[PDB]
Ligand code: HEM
Ligand code: HEM
Ligand code: HEM
Ligand code: HEM
Ligand code: HEM
Ligand code: HEM
Ligand code: HEM
Ligand code: HEM
Ligand code: HEM
Ligand code: HEM
Ligand code: HEM
C-alpha cells in the first residue's frame, strides 16, 4: 500500500519523532538498542563504526548518517521518481557488504517501535508505517 | 491468600492504574505488549480482533473489553458471591476457544507488571496482587 | 413565619448567592437541574419552554423568569402588603398548572441545595421559614 | 428513609465537606456556631465543655467528638444493622441530657447550613432524609 | 515573478500571519479596514455585503471569503497550473464588478500593511512579487 | 508625493518603530540584514564599515548613522525647505558611491519589511509615497 | 453593535447597584413609583390601565410596579447573552400583544423612564449605554406594537 | 449544543494541522482529491458535474477541488463564531441553489468525506466532534436542497 | 442531540466518581436500582432476563448480570474520548444484542429512563442534560439494527 | 570566525524550519537552486557531477543528488549541538570528498556563496551573519585535506 | 475575656454590614427587636424608658430612642480600631448613664442577652463568641460607675 494519505501521515510523524538537534540521537538510540537486542549478530556488522559502543562519537555519527538517509527517503515519499533514485544510491552503499536479508525487516520493526514510542501509541497507524517503510528498505536490500 | 485487607489494596491500586478515559488504553498497551513479548504465540489467539496491530481500533476495543472485565472482577473482590458468578460467565466466553493454560499465568504476570509500572514499584505488594489475580483467572481458565 | 430579622438575613444571602449578569443564568439553570434531580416527574411540566435542552435560550429564559420572580418577592419580603399582593398574583397564575404540594416542596429543597453553594454563610432555619412563607402564598 | 442511592450521595458530600485535619475542627466549630445562632437556648446545654470560649481546646474537642460521631454514622449508613446498633448506643447516651425535638431539629438545620458552604454540589433532599434517619435514631 | 524560493517564504509568512479560527476574522476585517483607509472610494463597492457595519456577520463573512481565497491561492503558489486555473476563475468573477488597477493596487498595499503586523519577519520584496503574481491573474 | 497628512502618519509610525537606545541598534542591524537578504550584491558596498561581522561596533555604527539620517529626514518631513536642503546634502554624499536605482529600491523594500514588524498599525501606502519622496531626493 | 458587551456590562453593574434584593422593599418601590411617575407624564397612558390605578399607597399597584421593574431587571441582567435576552424580550412581547393599549411608543417611554430615574439616583450613570441598551430592550418588548 | 465551542476548537485545530497554506500545493491537492474520491463513491454524483471532470491530472479539476475545500476551510475556521459561520453557510447555500444537481444528501456525503479523510491523515482526530461540526456545516449548505 | 466535548468530559468524570472500582458496595446498589427501575417502567422486559434469575434480584446470578450490564456502560462511557474505539465497541455490543430474541430498540428508551431516574439520586454532581445526550450517543450505537 | 552557541541555535532553528521532512516540494526546489547557483558562479564545477546527470537538472538522478548533498548539510547542521559527533561526521565527509578527483577547497567557497544566495530567498527569518560562520565551521571540516 | 484584634475586625465588619446607613428599614427593626428582647427578659427595665414612650413601641418617639441607643453602639463598635478614642467615648456614655436614676450595671447584662438574641437572627455571618467579648469591652466601659 503506502497511499498518498499514508505518505503525508508518515512524513508528519517521522519529522516529529526525528526532530531537531540531539533529539535525533534520542531516536537513533531507541532504534539501535532495540535492533541489537532482537538481533545480536547485527552489532558485528558495525564493527568499523564501533557498534560495541553505541554511545561513542563514531557510532553516533554513523547512526545519524543512517537516520539522515531514512529522513531523506521519508521526505521524498510523495516524490516517487526522486525516491527511486535515492534508494538506488543507498543500495550501492549496502550491496556485497554481507548484510543479512533479515536485518532489514528487523530494522523496520525497530524504527517503527521507536517512532511509535516517541509520538505515542494511541491511534498509531501501523499499516501506514509498515507499508511505507517496506517501500524504503526493499529499494536498499539485495 | 488474598485477604480482606489485600482486596482493599488491590482495588485501590487497580483503580489508580486503570484510571479513566484513555488512561485505560495506556494500561492495556502495557499488558498486551508485555504478554506478546513473553509469549509470542498468544498473539494468534486474537486474530479475530486484529492482534497483529494492537494500536488498531478493533484490538483496542477488545483490550478495553478485557480490562473492563478485569476491572469488573477487581471491584467485586470484596463481594465473593457476586465475583463467583462473574467468573463463571467469563469462563463461558473462554472455554473451548483453545486458550492454552499457560496464557493465564502469563496474563497475570503482565497485568501485575503493568499496574506496578503505573503506580510505582516501591512498597508494591506482589503477594497481594498475585494471590488476588490468581483467584480471578482460576475462575476463568479451564 | 419569616420575621423582620429573618427577612434581612434572607434578602442579604439571596442577593449575594443569586449574583448578577450571566451568574444569574447559571444559578437559575442549576436551580432547575437540582429540581429535576430531586423530582424527576417535574421535568415534563416544563415541556413548553424547551426543557429538552436546558442550555437553550428558551429554557434559560424560563429559569430566569422564575428566579427573577423569587428575586422580586425576596426584595419585597419586608413590605408585607406588597408581597402578599404579588404572591396572590402568582398563585392565580399557577392555579391552572396542575401542580401539587410535592412540586413546591421539591422546589424548596432545590433552593436549599443551590443557594448555599454560592455562599460562605447560610442560615437554613431562616430560609426554611421564609421559603415556606413565599411558596405557601403561591401554592394557593 | 435514606435509601441505598441517597446514602452514597450523602457519604460522598459529607466526606468532601467535613474534610481533614484542622479543617474538621473549623467545620465542627462552625456547626455549633450555627446551632447557637439558630437556637440560643441550646448553648447552655454545653456549659460542661467550655462553651464560654468556643475556640478553647475543650469546646473544640466536644465539637469534634460530635462531628466525629456524625462521621462514623455516615460511614456506616450502608450497613443498616451496624448503624442501628450505634444509633441505639448514642440514644442511650443522650437520654439523660434533657433534650427535646427542637434541639435535634435545630441541629439538623445547622447541618443543612454548614455542609453546603463547603461544597460545589449539595442535595438537600437526600440530606434531609438521611439526617432524619440519623437523628431519629438518637432522639429515642 | 514569484519564484519557487519566494513562494515558500510567502506561504510560510502568510500561514503564520493569517492564523486560525477567530484570528482569521480579525485579520480579514483589519485587511479591509486598511483598504478603506487607503482608498475610500473602494468602500462603496462592498455595499452588497453589509459594509455599513464592518463587525456585522455579513461583512465579516465577505472578508473571510476574500482572505480565504487569498489563502487557497497562496497554498497553490507552488502548483503553477492549478493556481493559473483558479486565478482565471477569479478573474471571470471580478470582470463584471467595475474594478480598476488602483483597486488592486490599494488591496496590495493593504496586504503589505496588515500581514507584517502579525509577524516577526517579513520579506516585502518576495511579497511584492508574489502579490503582483496573484493580483495580475485576477485583474484580467 | 507624501502630503502633510501622510507625513504625520509616517512620522508617528517611524518614531514608534525605530524606538530608543539599543532598540535602535537592533532595528538598524535588522534593516541592513533585510537589505542584504533582498539584494545580496549590496553587501559588498559596505566592506569599508566591517560588514564581515554585522554585530561589530563598526558596522552597527554605520547602520545607526543611516537610520539616524532616516530619522532626521522623517523629523523634517513637514518642513519642506529644510528636508530638501538635507536631501541635497545626502545626494552629494552618495553621488560617488556607485549606487543604482535597484539599490534604493531594495533599501525601500527593506524599510517596508522591518518597520511594520515593530508596529501594531502600518500604512504601507503612506510609507511607499514618503519613502519614495526621501529616496528620490538622495538618488540624485 | 447597539448595546455592546461593554455597554451591557456597565448598565448591569449600575442597575444592580441601584436595584437589588438586599435593599429595602420600600426603597425599590420608591424607585419603581418614580419610574412610573415619569412614564405616566411622558407617555400619557392612563394609570387606570394598571392594577391599583397608579396609587402609590395601594398594595396592588406597588406589586404591579414590582412585577414590571422585575421584568426589566431580568432583561437587563441578561444583556450580555443576546440569545437568552431575545427570548426574554420575545416572551414579554407576546404577553403585551395580549394587552389592549400597549403601544411601541409607550414601551419606549417606560424604558426611557427607567434610564432617567437611574441617572437621578446614580448621577454618574453611563446614560449613552443606558439609552442604547434600554432601546434594545424596548424594541424587543414592543415589536409589532 | 451541536458543534459546541469545545467541539469547534478541536476540529479547527486538527483541520489546520492537516490543511494550511504552509503545506505544498501538491499535498493539499492530494487530500482534496482523496476527499473527492470518497465523495464520488459514497454519493454517486457524476464527476462530469465538476470542471475538469474529476480527473486529478486536470488543472481545472484541481483548482475546482481547491475552491471547494477552501470553502469548507473558511467555514471550519469560523465554527467558533456561529453568527459569522451561519452567514458563510447561507452564502454557500444560495450559491448551490443555483446549481442543478446539488442535493442535501450529496452535501452531507461531501462533508462526511472531509471528516473521514481527515481521520485517515490524522488518526487521533476527534471524529465525534468532526461529525457534529461537519453536520452543522452540511445542514447550512444544503438547506432546502 | 449531540454529546459534545464538554458533555462527555462532565459525564465521564461524574460517572467514574460513582462507579470507580476503588469503592465498595456501590456498583450493585446502582445496577440493581437501574434494573428495578427498568422493570418498574416495562414489566414485560423482565422476561428477557430469565437466564439470569431476574425473579430473584438479590441472587448472585442477577446481581452479577446487573453489574455486567452497567460495567458495559462504564467501558463505553470511558471510550467517549476515543470514539473510533467506541464505534467498534458499540458495533460489538449491537451484534450481541441482535442475537438476543426479543431485544427491541424501544427497550433502550426504557433503559435510558432507568438511568435517568437512578443517576440523580446517587451522583453528587449530576447534569441530566449532558447525561441524556451522551447516553443516547452510546445507546443508539447499541440499539442500531434492532 | 566562530560559530557561537547563539549562532548555531539560530541557524539550526531556521534551517530545520525550511528543510523539515514534514513539508513537501521544498527540498528539491532549495537544493536545485543551490547547485544552479553553484554552476552559475563556477561553470567548471559542473564537470565534477557528470555521474549524476548534471546536464539534465530536472532528472530524478540529479534531483536526488542535490537532495543527497543538501541533506548531508542538514545532518551536519543538526549535529552543531554535539560537536564531538560533528567532528566525526565532517572527517567522514572529508574522506569521501578526498576520494573524488577534482574536488578542491576553493569549490567549497563557491558552495558557500550558493547557500548564501539561496537561503535568504527561502527562509522567512534568516541571519546571513550567523549562517556564514556556522556554514564555515562545517565546510572547513569537510574541505580539510583538499 | 478579651476582645482581640481578630474579634473586633470580625465584629466591626459584620455589624457595619447590617447597620450601614446605605440600607433602609433595618435599623428600626433591629433596634426595636433589641429592646423588645430587653423588656422580655427584664420587664422592670421598661420603667426606665417612660420619657421615650416605651409603652407605645411603634411610636416615632420610641423608634427614635431605639435607633439612638443602638447607633450609640455603632459609634462605639467602629471606635474599636482606635481604643484611645473609644475610652473617651465610653467615659462620656458612662457619665450620661450615671445621671439616669435606676440604671444599674446588671441592666447591661440583660442588654447583652438582647443583642446576643437579636444579632444571630439578622446578620448573615455572625460569630457570637467574638460578639460577646467585644460587646463586653464596650458595655463594661459604659456600666463602670453604676
Ligand atoms: C532505511 C534503512 C537504512 C538506511 C536509510 C541506511 C542508510 C545508511 C547510510 C546513509 C549509511 C552511511 C554510509 C556512509 O556514508 O558511509 C549507512 C551505513 C551502513 N549501514 Fe545502512 N541504512 C539502512 C539500513 C541498514 C541495515 C538494516 C543494516 C544492517 C542490518 C545496515 C548496515 C549498514 C552498514 C554496515 C553501514 C556501514 C557502516 C560503516 O561505515 O562501516 N543499514 N546506512
Ligand atoms: C483476568 C483475565 C481476563 C479477563 C477478565 C478476560 C475477559 C475477556 C472479555 C470481557 C472478553 C470480551 C468477550 C466479548 O464480549 O466478545 C474477552 C475476550 C477474549 N479473551 Fe479474555 N480475559 C482474560 C484473560 C484472557 C487470556 C489470558 C487470554 C489468552 C491468552 C484471553 C483470550 C481471549 C480471547 C481469544 C477473546 C476473544 C477475542 C475475540 O473477540 O475474537 N483472555 N476476554
Ligand atoms: C416557588 C416559587 C415560584 C415562583 C416565584 C414561580 C414563578 C413563575 C414565573 C414568574 C413564571 C413565568 C410565567 C410567565 O411569564 O409566563 C412561572 C411559570 C411556570 N412555573 Fe412557576 N414559580 C414557582 C414555583 C413553581 C413550581 C414549584 C413549579 C413546578 C414544580 C412551577 C411551574 C411552572 C410552570 C409549569 C410554568 C409555566 C411554564 C410554561 O410556560 O410552559 N413553578 N413561574
Ligand atoms: C444529631 C447527631 C448527634 C450526634 C452524632 C451526637 C453525638 C455526641 C457525642 C459523640 C458526644 C460525646 C459524649 C462523650 O464522649 O462524652 C455527645 C455529647 C453531648 N451531646 Fe450530642 N450528638 C448529636 C446531637 C445532639 C444535640 C442535637 C444536642 C443538643 C441540642 C446534643 C447535646 C449533647 C450534650 C449536652 C453532650 C454532653 C456534653 C457534656 O459532656 O457536657 N447532641 N454527643
Ligand atoms: C486581490 C485578491 C482578491 C481575491 C483573492 C478576491 C476574491 C474574492 C472572492 C472569493 C469573492 C467571493 C465571491 C462570492 O463568493 O460571491 C469576492 C467578491 C468580491 N470582491 Fe474580490 N478578490 C480580490 C480582490 C478584490 C479587490 C481589489 C476588490 C475591490 C477593490 C474586490 C471586490 C470584490 C467585490 C465587490 C466582491 C463582491 C461583493 C458582493 O458580493 O457584493 N476584490 N472576491
Ligand atoms: C535611503 C536612505 C539613505 C540614507 C538616509 C543614507 C544615509 C547615509 C549616511 C548618513 C551615511 C554616513 C556617511 C558618513 O557619515 O560617512 C551613509 C553612508 C553610506 N551609504 Fe547611505 N543612505 C541611504 C541609502 C543608501 C543605499 C540604498 C545604499 C546602498 C545600497 C547606501 C550606501 C551607503 C554607503 C556605501 C555608505 C558609505 C559606507 C562607507 O563609509 O564605507 N546608502 N549613508
Ligand atoms: C420596559 C417596559 C415594560 C416591561 C419590562 C414590562 C413588563 C411587564 C411584566 C413583567 C408584567 C407582569 C407579568 C405577569 O403578571 O406575570 C407586566 C404586566 C403589565 N404590563 Fe408591562 N412592561 C413594560 C411596559 C408596559 C407598558 C408601556 C404598558 C402600557 C402602556 C404595560 C402594561 C402592562 C399591564 C397593564 C400589565 C398588567 C397585566 C396583568 O395584570 O395581567 N407594560 N409588564
Ligand atoms: C461541504 C460541502 C461543499 C462545500 C464547502 C462547497 C463549496 C463550494 C465552493 C467554495 C465553490 C466555488 C465557489 C466559486 O466558484 O467562487 C463550489 C462550487 C461548486 N460546487 Fe460546491 N460545495 C460543497 C458541496 C458540493 C456538492 C455536494 C456538489 C454536487 C453534488 C457541489 C457542486 C459544485 C459545483 C458543480 C461547483 C462549480 C460551480 C462553478 O464552477 O461555477 N458542491 N462549491
Ligand atoms: C446502554 C445500554 C446497555 C448496555 C451497555 C448493555 C450491555 C450488556 C452486557 C455487557 C451484557 C453482558 C452479557 C454478555 O455480553 O455475555 C448484556 C446482556 C444482555 N442484555 Fe444488554 N445492555 C444494554 C441494554 C439492554 C436493554 C435495554 C435490554 C433489554 C430490555 C438488554 C438485554 C440484554 C439481555 C437479554 C442480555 C443477556 C442476559 C443473559 O446473559 O441471559 N440490554 N448487555
Ligand atoms: C557543505 C558542503 C557539502 C556537503 C555537506 C556535501 C556532501 C555530499 C554528500 C552527502 C554526497 C553524497 C554522495 C555519497 O556520499 O555517496 C556528496 C557527493 C559529492 N560531492 Fe559533496 N558536499 C558538499 C560540497 C561539495 C562541493 C563544493 C563539491 C564540488 C564543487 C562537491 C562535490 C561532490 C561530488 C563530485 C560528489 C559525488 C557525486 C556523485 O555521486 O557522482 N561537494 N557530497
Ligand atoms: C451598649 C449599651 C448601651 C448603649 C451604647 C447606650 C447608649 C445610649 C444612648 C446613645 C442614649 C441616647 C440618649 C442621650 O444620650 O441623650 C441612651 C439613653 C438612655 N439609656 Fe442607654 N445605652 C446602653 C445600655 C443601656 C441600658 C442597659 C439601660 C437600662 C436598662 C439604658 C438606659 C438608658 C436610658 C434610661 C436612657 C434615656 C432615655 C431617655 O432619653 O429618656 N441604656 N443610651
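Just so it is clear, chain C uses Swiss-Prot numbers, and the residues here are 17-156, in order.
Method reported for this entry: X-ray crystallography, 2.1 Å.
Here the Cβ of each residue, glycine as well, is placed from N, Cα and C on the backbone.
The annotation hydrogen sulfide binding site is assigned in Swiss-Prot to C:79. Cβ neighbour count for residue C:79 (hydrogen sulfide binding site) (all protein chains, 10 Å cutoff from its Cβ): 26. Mapped onto three states, the DSSP output places residue C:79 (hydrogen sulfide binding site) in helix.
Residues annotated as heme b binding site in Swiss-Prot: C:110. Residue C:110 (heme b binding site) carries a helical DSSP state (H, G or I). Other Cβ atoms within 10 Å of the Cβ of residue C:110 (heme b binding site), summed over all protein chains shown, number 15.
There are 20 other CB atoms within 10 A of the CB of residue C:18 (disulfide bond), with all protein chains counted. Residues annotated as disulfide bond in Swiss-Prot, with experimental evidence given as evidence: C:18-C:146.
If you look up Swiss-Prot, you'll see C:17-156 marked as domain 'Globin', on the strength of sequence analysis.
Across the fold, the C-alpha of residue C:146 (disulfide bond) and the C-alpha of residue C:79 (hydrogen sulfide binding site) stand 20 Å from each other.
Here the C-alpha separation of residue C:79 (hydrogen sulfide binding site) and residue C:110 (heme b binding site) works out to 15 Å. In this structure, the CA atom of residue C:110 (heme b binding site) is 23 Å away from the CA atom of residue C:18 (disulfide bond). Sorting the domain 'Globin' (C:17-156) by DSSP state (H, G, I as helix; E, B as strand; all else coil) yields 109 helix, 0 strand, 31 coil. All chains included, 23 other C-beta atoms sit within 10 angstroms of the C-beta of residue C:146 (disulfide bond).
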